[PDB]
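Geometric and topological summary
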Amino acid sequence: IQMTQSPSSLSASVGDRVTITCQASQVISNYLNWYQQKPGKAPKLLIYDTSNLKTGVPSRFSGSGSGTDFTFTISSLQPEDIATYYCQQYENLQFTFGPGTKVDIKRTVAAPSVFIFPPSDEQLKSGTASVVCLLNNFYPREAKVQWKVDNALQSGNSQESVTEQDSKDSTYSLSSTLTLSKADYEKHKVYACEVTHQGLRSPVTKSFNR
Amino acid sequence: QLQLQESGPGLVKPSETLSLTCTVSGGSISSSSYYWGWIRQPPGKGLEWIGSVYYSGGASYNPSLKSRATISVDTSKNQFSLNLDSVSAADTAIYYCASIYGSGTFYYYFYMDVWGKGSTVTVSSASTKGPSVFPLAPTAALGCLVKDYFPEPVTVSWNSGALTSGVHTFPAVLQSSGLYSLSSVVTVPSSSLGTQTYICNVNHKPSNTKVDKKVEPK
């Protein structure tokens, strides 16, 4: 009928007790389980039969509920508990998973470490050139990067990618790659990427020549 | 300890058929207390249970996929396989095979004990293309550029798995050419630049390509 999981997203600092709710489609008739899926990896169940927890799961994880309403609670949040949590239900010969609850960690505003990499000689020999601008460990996720070739803005020829929040220092990392042909790369000399971040008092820009 | 491992094609053309095989290790598939199932996860979506089978052959499927999916078990080879007919673009997902434990006096109570690694299946008519690795020469940062590969995914290691701290493998991005581009960097102290050597172990299973690029300064 309808299986819901609230909230959809979440953001709480390290050490906070956060509880999540799950609503089954029907009244519970088989074991209700809870799974933890870190970004990239496969799901791993922590709690089975609403309350019981698997051997090896930390004591900070707990769960309770009855009927059609259930809860998932962690006593003290730690940096490697960042994952999308799902609740499982087996009714009418069907395994149905909940929408999931994405939990994030609130961290102190950190400044990014900016690095600019020139294109390798191997790539230039092939006939293309890609210059990368790296933003290491910055919070929050919101950051703006602008490419300036010979002090002139560039648009369209660059695409960026951000990592998922870290499991140790709880920080994101960005990487924007500007791609141009070898002929267009020889036409200019100075290449820079401007980094505009809320934890950065001055827009830091890093450049190189040739 | 139970350990499941998927083995699929990675890329299947549209209107064709998808076939994955999950091999159980550290325990027999012919156990009374276990069901063996398949769950897929589309990009940026939740988990969808495809089906599940018992070691005798008792099949069970999701109503939406029951018209296409057929899961069979092989006791002599200790594995179970999924066959999803008439695959479409909407079936591009990460297919996980899981071990469903069941115990019960009246009826079995289920929870998915062990899970597999996952197979990134891409439904596309485009052909396979292996990657090209370029060094990102340089606390100083260095990395590798894995440009122009299809399809996903690519796994990049560093120093044959020894280097792990401070390594950031960025998610792939699809270029205008229809090919993916990946970047993996690592932050190491500037003093170790001359002494210690650094290599990235790029591996692209869909094309069977393994490249060990040496990253050097200047």
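This part takes up unusual backbone geometry. All names here are of chain B. Here the residue pair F150 and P151 is connected by a cis peptide bond, since its omega of 0° sits within 30 degrees of zero. Position of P151 among the secondary structure elements: in the loop between strand 13 (140-149) and strand 14 (155-158). Going from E152 to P153, the amide bond is cis rather than trans, its omega being 0°. Residue position: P153 is located in the loop between strand 13 and strand 14. Non-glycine residue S15 carries a positive phi angle of around 65°. Structurally, the position occupied by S15 is in the loop between strand 2 (11-12) and strand 3 (18-25). On the basis of relative accessibility, which here comes to 62%, the residue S15 falls in the exposed class.

In this section: the sheet that holds strand 19 (residues 209-215) of chain B. Residue and element names in this part refer to chain B. One open sheet holds the three strands; their spatial order is 14-18-19, and the pairing between them is antiparallel. The two strands at the open ends of the sheet, each matched to only one other strand, are strand 14 and strand 19. Looking at each pair of strands side by side, their axes are set apart by 20° on average, direction ignored. Here strand 18 (residues 198-204) runs beside strand 19; their pairing, made up of seven bridges, is antiparallel. Bridge pairing in strand 19 links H204 to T209.

Turning to the packing of aromatic side chains, a few remarks are in order. Evaluation of the coordinates by the stated rule reveals 29 aromatic pairs over all chains. Seen from their ring centres, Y31(A) and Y109(B) are 4.9 Å apart, and the 20° between their planes marks the pair as stacked. With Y31(A) in the loop between strand 3 (18-23) and strand 4 (33-37) and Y109(B) in strand 10 (residues 109-115), the pair connects residues from two separate chains. Connected via pairs of aromatic rings, a cluster forms that spans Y90(A), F95(A), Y35(B), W49(B), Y54(B), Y55(B), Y108(B) and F110(B).

Take the domain arrangement of chain B next. Interfaces are frequently sized by the accessible area removed from exposure as the parts join. All names here are of chain B. Each assigned domain of chain B is listed with its residue range as follows: domain 1 (1-125) and domain 2 (126-215). On a C-alpha basis, the centroid separation for the pair domain 1 and domain 2 is 31 Å. Counting residues at the interface gives six residues for domain 1, matched by seven residues for domain 2. For the pair domain 1 and domain 2, the summed buried area comes to about 510 Å², and 59% of that belongs to carbon and sulfur atoms. When residues of domain 1 are sorted by the area they lose upon contact with domain 2, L11, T120 and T122 head the list and together hold 63% of the total. Linking domain 1 with domain 2 are zero salt bridges. On inspection of domain 1 and its partner domain 2, the count reaches one residue pair in polar contact.

So, how was this worked out
Residues numbered from 1 in each chain as written, not as in the entry; some residues may be left out. Chains lettered and ligands numbered in written order. Part of a larger assembly, values for the part shown. Heavy atoms only, no water. Helix = DSSP H or I, 4+ residues; strand = E, 2+ residues; numbered from the N terminus. Buried < 20%, exposed > 50% of the residue type's maximum accessible area, 1.4 Å probe, protein only. Pairing = 2+ DSSP bridges. Axes fitted to C-alpha atoms, helices over the stretch in contact; angles between N-to-C directions. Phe/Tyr/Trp six-rings, centres within 6.5 Å; stacked < 30°, edge-to-face > 60°. Domains from an automatic or database assignment. Contact = heavy atoms within 4.5 Å. Buried area = accessible area lost by both parts, 1.4 Å probe. Salt bridge = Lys/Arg side-chain N within 4 Å of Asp/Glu carboxyl O. Polar contact = N/O pair within 3.5 Å; in protein donor to acceptor, adjacent residues only side chain to side chain.

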